[PDB]
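Peer 1: Dropping in target-v1.cif, with mmCIF, C-alpha atoms.
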data_start
#
loop_
_atom_site.label_atom_id
_atom_site.label_comp_id
_atom_site.auth_asym_id
_atom_site.auth_seq_id
_atom_site.Cartn_x
_atom_site.Cartn_y
_atom_site.Cartn_z
CA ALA R 1 8.99 -15.31 3.49
CA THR R 2 8.30 -13.50 6.80
CA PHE R 3 6.81 -9.97 6.91
CA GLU R 4 6.69 -8.07 10.16
CA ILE R 5 4.06 -5.38 9.98
CA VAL R 6 4.48 -2.63 12.61
CA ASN R 7 2.07 0.20 13.44
CA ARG R 8 4.15 3.20 14.59
CA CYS R 9 1.20 5.57 14.09
CA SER R 10 -0.44 7.19 17.10
CA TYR R 11 -3.80 5.78 15.95
CA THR R 12 -5.11 2.24 15.42
CA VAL R 13 -4.85 0.73 11.94
CA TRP R 14 -6.31 -2.42 10.57
CA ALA R 15 -3.59 -4.16 8.62
CA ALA R 16 -4.49 -6.10 5.43
CA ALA R 17 -2.52 -8.61 3.40
CA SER R 18 -3.85 -10.19 0.18
CA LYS R 19 -2.94 -11.34 -3.35
CA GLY R 20 -6.24 -10.28 -4.91
CA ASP R 21 -8.02 -13.67 -4.99
CA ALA R 22 -6.98 -14.89 -1.55
CA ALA R 23 -5.83 -13.73 1.89
CA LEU R 24 -2.15 -13.79 2.77
CA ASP R 25 -1.87 -15.44 6.18
CA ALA R 26 -4.91 -14.38 8.18
CA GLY R 27 -5.62 -11.51 5.79
CA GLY R 28 -6.07 -8.72 8.36
CA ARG R 29 -5.77 -7.75 11.98
CA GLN R 30 -6.17 -4.77 14.27
CA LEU R 31 -2.91 -3.07 15.21
CA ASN R 32 -2.96 -0.59 18.04
CA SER R 33 -0.18 2.01 18.26
CA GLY R 34 3.06 0.08 18.62
CA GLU R 35 1.83 -3.38 17.91
CA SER R 36 3.53 -5.69 15.43
CA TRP R 37 2.03 -8.62 13.48
CA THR R 38 4.26 -11.19 11.90
CA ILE R 39 2.87 -13.05 8.86
CA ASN R 40 4.18 -15.82 6.63
CA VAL R 41 3.82 -15.49 2.86
CA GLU R 42 4.28 -18.50 0.60
CA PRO R 43 7.31 -18.45 -1.60
CA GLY R 44 6.49 -17.68 -5.22
CA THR R 45 3.59 -15.42 -4.30
CA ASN R 46 3.14 -12.95 -7.11
CA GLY R 47 1.19 -9.68 -6.85
CA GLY R 48 0.85 -9.52 -3.10
CA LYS R 49 -0.06 -6.31 -1.35
CA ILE R 50 -0.06 -5.03 2.22
CA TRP R 51 -1.94 -1.84 3.31
CA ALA R 52 -3.48 -0.11 6.28
CA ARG R 53 -7.19 0.58 6.80
CA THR R 54 -8.38 3.43 8.96
CA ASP R 55 -11.47 4.08 11.04
CA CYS R 56 -12.93 0.62 10.95
CA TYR R 57 -15.93 -0.68 12.94
CA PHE R 58 -16.39 -4.51 12.93
CA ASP R 59 -18.78 -6.95 14.68
CA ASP R 60 -17.99 -10.32 16.46
CA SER R 61 -18.33 -12.01 13.02
CA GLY R 62 -15.37 -10.01 11.49
CA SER R 63 -17.84 -7.97 9.35
CA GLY R 64 -18.14 -4.20 9.11
CA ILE R 65 -16.71 -1.13 7.37
CA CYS R 66 -13.45 0.93 7.10
CA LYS R 67 -13.17 4.58 5.82
CA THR R 68 -10.08 3.77 3.81
CA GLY R 69 -9.01 0.47 2.35
CA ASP R 70 -12.15 -1.52 3.04
CA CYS R 71 -11.95 -5.00 1.46
CA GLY R 72 -15.68 -5.83 1.06
CA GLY R 73 -16.49 -5.30 4.72
CA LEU R 74 -14.30 -8.12 6.12
CA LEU R 75 -11.69 -7.92 8.93
CA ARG R 76 -9.80 -10.67 7.15
CA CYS R 77 -9.31 -9.46 3.61
CA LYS R 78 -9.54 -11.88 0.72
CA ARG R 79 -9.54 -9.17 -1.92
CA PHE R 80 -7.85 -5.76 -2.43
CA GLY R 81 -8.98 -2.65 -0.66
CA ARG R 82 -10.97 0.36 -1.71
CA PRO R 83 -8.84 3.52 -2.46
CA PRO R 84 -7.31 5.56 -1.08
CA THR R 85 -4.61 3.11 0.00
CA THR R 86 -0.86 3.51 0.19
CA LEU R 87 0.39 0.10 -1.08
CA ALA R 88 3.35 -2.15 -0.30
CA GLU R 89 3.58 -4.49 -3.33
CA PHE R 90 5.66 -7.60 -3.73
CA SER R 91 6.49 -10.40 -6.09
CA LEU R 92 8.63 -13.13 -4.53
CA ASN R 93 10.96 -15.90 -5.94
CA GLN R 94 10.52 -14.76 -9.57
CA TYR R 95 13.51 -16.41 -11.29
CA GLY R 96 15.62 -16.16 -8.18
CA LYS R 97 14.75 -12.54 -7.22
CA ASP R 98 12.13 -10.73 -5.09
CA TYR R 99 10.62 -7.46 -6.33
CA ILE R 100 9.17 -4.84 -3.95
CA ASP R 101 7.76 -1.33 -4.38
CA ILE R 102 5.49 1.23 -2.77
CA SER R 103 2.65 2.53 -4.97
CA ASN R 104 0.45 5.68 -4.81
CA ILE R 105 -1.45 4.56 -7.96
CA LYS R 106 -4.48 3.87 -5.75
CA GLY R 107 -3.92 6.97 -3.64
CA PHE R 108 -2.49 7.49 -0.17
CA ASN R 109 -3.91 7.01 3.30
CA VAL R 110 -1.09 6.21 5.74
CA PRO R 111 2.67 6.88 5.44
CA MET R 112 4.78 3.76 5.02
CA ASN R 113 8.27 2.29 5.13
CA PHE R 114 8.82 -1.11 3.31
CA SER R 115 12.27 -2.62 3.85
CA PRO R 116 14.08 -5.95 3.80
CA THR R 117 15.21 -7.31 7.21
CA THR R 118 17.77 -9.53 5.45
CA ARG R 119 20.79 -8.57 3.42
CA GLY R 120 21.27 -7.30 -0.11
CA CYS R 121 18.86 -4.52 -1.06
CA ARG R 122 17.58 -1.19 0.18
CA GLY R 123 14.11 -0.28 1.36
CA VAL R 124 11.63 2.37 0.04
CA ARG R 125 9.53 4.87 1.88
CA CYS R 126 6.69 7.33 1.30
CA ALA R 127 6.59 9.43 4.46
CA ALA R 128 5.39 12.88 3.45
CA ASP R 129 2.14 14.58 4.55
CA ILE R 130 0.27 13.79 1.32
CA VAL R 131 -3.05 13.99 3.08
CA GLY R 132 -2.41 17.52 4.39
CA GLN R 133 -1.20 18.77 1.03
CA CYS R 134 -3.73 16.79 -1.15
CA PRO R 135 -5.38 18.87 -3.90
CA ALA R 136 -8.94 19.72 -3.15
CA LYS R 137 -10.39 17.58 -5.94
CA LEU R 138 -8.57 14.49 -4.76
CA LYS R 139 -9.47 14.74 -1.06
CA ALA R 140 -11.46 11.82 0.16
CA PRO R 141 -14.09 12.87 2.79
CA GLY R 142 -13.34 9.59 4.54
CA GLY R 143 -9.71 10.53 5.06
CA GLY R 144 -6.91 10.15 2.50
CA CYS R 145 -5.93 11.47 -0.82
CA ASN R 146 -7.37 9.72 -3.86
CA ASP R 147 -5.53 9.13 -7.10
CA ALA R 148 -7.02 10.82 -10.21
CA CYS R 149 -8.04 7.52 -11.93
CA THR R 150 -10.41 6.82 -9.03
CA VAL R 151 -11.75 10.38 -8.99
CA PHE R 152 -12.14 11.13 -12.74
CA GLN R 153 -12.23 7.75 -14.55
CA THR R 154 -10.44 8.95 -17.72
CA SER R 155 -8.26 6.92 -20.17
CA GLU R 156 -5.37 9.30 -19.42
CA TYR R 157 -5.41 8.93 -15.61
CA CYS R 158 -6.26 5.21 -15.70
CA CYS R 159 -3.78 4.53 -18.55
CA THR R 160 -6.45 2.46 -20.20
CA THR R 161 -4.85 2.48 -23.69
CA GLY R 162 -1.44 1.61 -22.35
CA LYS R 163 -0.17 5.06 -23.42
CA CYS R 164 -0.54 7.76 -20.89
CA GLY R 165 1.81 10.41 -19.57
CA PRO R 166 2.41 12.05 -16.25
CA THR R 167 -0.30 14.51 -15.16
CA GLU R 168 -0.55 17.45 -12.76
CA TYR R 169 -2.03 14.94 -10.26
CA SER R 170 0.60 12.28 -10.70
CA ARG R 171 3.26 14.92 -10.30
CA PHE R 172 1.86 15.93 -6.97
CA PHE R 173 2.32 12.39 -5.57
CA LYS R 174 5.77 12.17 -7.19
CA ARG R 175 6.98 15.51 -5.80
CA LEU R 176 6.12 14.37 -2.27
CA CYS R 177 7.18 10.72 -2.69
CA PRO R 178 9.72 10.22 -5.46
CA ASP R 179 10.37 6.59 -4.50
CA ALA R 180 6.74 5.43 -4.99
CA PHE R 181 4.91 4.80 -8.29
CA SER R 182 2.71 7.84 -9.05
CA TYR R 183 0.98 6.51 -12.23
CA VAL R 184 0.86 3.22 -14.19
CA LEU R 185 3.78 4.14 -16.59
CA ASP R 186 5.98 5.86 -14.12
CA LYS R 187 9.72 5.13 -14.40
CA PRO R 188 9.94 2.05 -12.11
CA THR R 189 10.92 2.51 -8.45
CA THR R 190 10.95 -1.28 -8.04
CA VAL R 191 13.71 -2.70 -5.83
CA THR R 192 15.17 -6.07 -6.69
CA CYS R 193 16.10 -8.17 -3.66
CA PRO R 194 17.53 -11.64 -3.28
CA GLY R 195 15.02 -14.45 -3.60
CA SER R 196 13.36 -15.41 -0.25
CA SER R 197 14.26 -12.17 1.57
CA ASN R 198 12.25 -11.16 4.65
CA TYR R 199 10.75 -7.75 5.22
CA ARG R 200 9.25 -5.23 7.58
CA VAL R 201 6.36 -2.89 6.66
CA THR R 202 6.00 -0.05 9.08
CA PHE R 203 3.12 2.43 9.18
CA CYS R 204 4.07 6.04 10.16
CA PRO R 205 7.77 5.34 10.16
CA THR R 206 8.79 8.83 11.20
CA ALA R 207 5.58 10.05 12.98
#
Give the structure from this file in structure tokens form.

Peer 2:
Amino acid sequence: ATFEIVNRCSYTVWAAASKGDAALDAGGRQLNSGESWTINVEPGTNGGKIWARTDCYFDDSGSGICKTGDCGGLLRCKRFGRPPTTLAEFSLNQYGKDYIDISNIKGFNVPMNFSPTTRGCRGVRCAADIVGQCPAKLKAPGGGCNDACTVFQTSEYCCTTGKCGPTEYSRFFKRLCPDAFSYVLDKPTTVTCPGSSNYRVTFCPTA
């Protein structure tokens, strides 16, 4: 499948694309305002994610640090990023269907639009100013708005027993972005698309 990742933000992001134990395509790249990066993702890839990293500083070796989403200090991510990270999540060619969602379960850093560029399903978006409205206890000094599992490490926020309910923190993310997952047992906002669809992930889709 083809993903075109577009930075419409006024600031530079560092895009990342991984399935947890491996890079997807090159794994990461700098995107200046307006730039677009087209990657190829193997069919059948399950549990892929795409996210933005902010305020990175890297050397000529591809090694360094990002204030949000850092993936063990590497430009080219092989693993998932450190919260807070707004996530575009995808499972592809799963019994003939693709499944996509946006998730705030690991917090929010950058607004996002995640849509198919081929026919037969709708896209999803989380485009509200979550960072500006973030509750004081969930503010990340680095930038971003952390989820409450990251911040407090409780069974209830992390849904460690497999039973957990909505919380005052999950409801904050949900009020601002109804179409993203706000906690592990949220009513699914998954979109089912035809198998082998192609997609575009845009950062700051309205901004």

Peer 1: Go through the shown structure with the PyMOL selection byres ((chain R and resi 37) around 9) and write out the matching residues as an mmCIF file with C-alpha atoms, in the frame of the given file.

Peer 2:
data_model
loop_
_atom_site.group_PDB
_atom_site.id
_atom_site.type_symbol
_atom_site.label_atom_id
_atom_site.label_comp_id
_atom_site.auth_asym_id
_atom_site.auth_seq_id
_atom_site.Cartn_x
_atom_site.Cartn_y
_atom_site.Cartn_z
ATOM 1 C CA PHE R 3 6.810 -9.970 6.910
ATOM 2 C CA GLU R 4 6.690 -8.070 10.160
ATOM 3 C CA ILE R 5 4.060 -5.380 9.980
ATOM 4 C CA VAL R 6 4.480 -2.630 12.610
ATOM 5 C CA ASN R 7 2.070 0.200 13.440
ATOM 6 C CA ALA R 15 -3.590 -4.160 8.620
ATOM 7 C CA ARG R 29 -5.770 -7.750 11.980
ATOM 8 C CA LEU R 31 -2.910 -3.070 15.210
ATOM 9 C CA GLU R 35 1.830 -3.380 17.910
ATOM 10 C CA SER R 36 3.530 -5.690 15.430
ATOM 11 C CA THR R 38 4.260 -11.190 11.900
ATOM 12 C CA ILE R 39 2.870 -13.050 8.860
#

Peer 1: CA of residue 74 (chain R) and CA of residue 153 (chain R), how far apart in Å?

Peer 2: 26.1 Å

Peer 1: Do you know which residues are at most 6 Å from region 115-130 of chain R counting all atoms listed in the file, after dropping those on the same chain fewer than 2 positions away, and could you put them as number ranges by chain?

Peer 2: R: 111-113, 132-134, 176-177, 193, 197-200

Peer 1: Name all residues at most 12 Å from residue 106 (chain R) (count all atoms listed in the file; drop same-chain ones fewer than 4 positions away) and give them as a ChimeraX atom specification.

Peer 2: /R:49,51,68-69,80-89,102,138,144-151,157-158,170,173,180-184

Peer 1: Please dump the current selection as a short mmCIF file (atom, residue, chain, number, x, y, z; two decimals), in the frame of the given file; keep C-alpha atoms.

Peer 2:
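File written: part-v3.cif
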data_model
loop_
_atom_site.label_atom_id
_atom_site.label_comp_id
_atom_site.auth_asym_id
_atom_site.auth_seq_id
_atom_site.Cartn_x
_atom_site.Cartn_y
_atom_site.Cartn_z
CA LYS R 49 -0.06 -6.31 -1.35
CA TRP R 51 -1.94 -1.84 3.31
CA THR R 68 -10.08 3.77 3.81
CA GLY R 69 -9.01 0.47 2.35
CA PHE R 80 -7.85 -5.76 -2.43
CA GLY R 81 -8.98 -2.65 -0.66
CA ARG R 82 -10.97 0.36 -1.71
CA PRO R 83 -8.84 3.52 -2.46
CA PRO R 84 -7.31 5.56 -1.08
CA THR R 85 -4.61 3.11 0.00
CA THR R 86 -0.86 3.51 0.19
CA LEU R 87 0.39 0.10 -1.08
CA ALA R 88 3.35 -2.15 -0.30
CA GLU R 89 3.58 -4.49 -3.33
CA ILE R 102 5.49 1.23 -2.77
CA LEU R 138 -8.57 14.49 -4.76
CA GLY R 144 -6.91 10.15 2.50
CA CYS R 145 -5.93 11.47 -0.82
CA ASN R 146 -7.37 9.72 -3.86
CA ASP R 147 -5.53 9.13 -7.10
CA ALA R 148 -7.02 10.82 -10.21
CA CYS R 149 -8.04 7.52 -11.93
CA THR R 150 -10.41 6.82 -9.03
CA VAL R 151 -11.75 10.38 -8.99
CA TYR R 157 -5.41 8.93 -15.61
CA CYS R 158 -6.26 5.21 -15.70
CA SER R 170 0.60 12.28 -10.70
CA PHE R 173 2.32 12.39 -5.57
CA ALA R 180 6.74 5.43 -4.99
CA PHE R 181 4.91 4.80 -8.29
CA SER R 182 2.71 7.84 -9.05
CA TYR R 183 0.98 6.51 -12.23
CA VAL R 184 0.86 3.22 -14.19
#

Peer 1: What lies within 7 Å of residue 110 (chain R) using all atoms listed in the file, ignoring chain neighbours under 3 positions off, as an MDAnalysis selection string?

Peer 2: chainID R and resid 52 86 203:204

Peer 1: Generate a file of the selected residues that holds C-alpha atoms, formatted as a PDB file, in the frame of the given file.

Peer 2:
ATOM      1  CA  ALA R  52      -3.480  -0.110   6.280  1.00  0.00           C
ATOM      2  CA  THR R  86      -0.860   3.510   0.190  1.00  0.00           C
ATOM      3  CA  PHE R 203       3.120   2.430   9.180  1.00  0.00           C
ATOM      4  CA  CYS R 204       4.070   6.040  10.160  1.00  0.00           C
TER       5      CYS R 204
END
